[PDB]
């Protein structure tokens, strides 16, 4: 159970984004239904009144939290991968529009899942803004908690992969549009019960054998990292 507080740009806090530039749901409950419109931008998908200005080559940092800012971030049990997608705002996230900018699942060296490193980073993970057409965008940050993903939600609705999904309204101002955004995948639709990484047993299968759900990260991406860029406690 986790939510996005706001974003940083180039290590500068853009301020509390909840229901402002983040299309925030009312609480930190997971989405589990792979076919639900809730897979796009969670359960209260609507235009919020601000969009964060960035330029191509900027570092955009999502900051997650559990109950209060810079707390335990997400329960340690919620081992799983982290992805970031982008689509143009005109889509409202509908159709084949979502392009993957970032993927992190399991790090064999440190023996840590993306989620484990997200807690250590005080909820912060980043992408570098790509050289797409200037205009308005949705950045969709997605945590998949796998602690009940040995079951499929479609078969047993009290278990399944847990999706923590947050859409940020981002406006790209300065960009040469030298890496125009290629075709996207749909959410809902890209993840199905047979998709690699949706049904997995983290208790019996080695984490080194985990494969995250496609699509692969776009070659145009510059992303990006799970790492603290700013200290929330200084504000």
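Numbering follows the first chain given and starts at 1.
- Higher average CA B factor: 172-180, of the stretches 28-36 and 172-180.
- When 76-84 is weighed against 109-117, 109-117 comes out higher, by mean CA B-factor as recorded in the entry.
- When the C-alpha B-factors of 196, 53, 49, 57 are read from the PDB record, the largest value belongs to 196.
- For residue 2, the recorded CA temperature factor ranks within the lowest third of the chain's modelled residues.
- Remark: residue 214 belongs to the highest third of its chain, ranked by C-alpha B-factor as recorded.
- The deposited CA B-factor of residue 161 belongs to the lowest third of values across its chain.
- Looking at the C-alpha B-factors along this chain, the one for residue 45 belongs to the middle third.
- In the deposited entry, the Cα temperature factor of residue 104 sits in the middle third of values across the chain's modelled residues.
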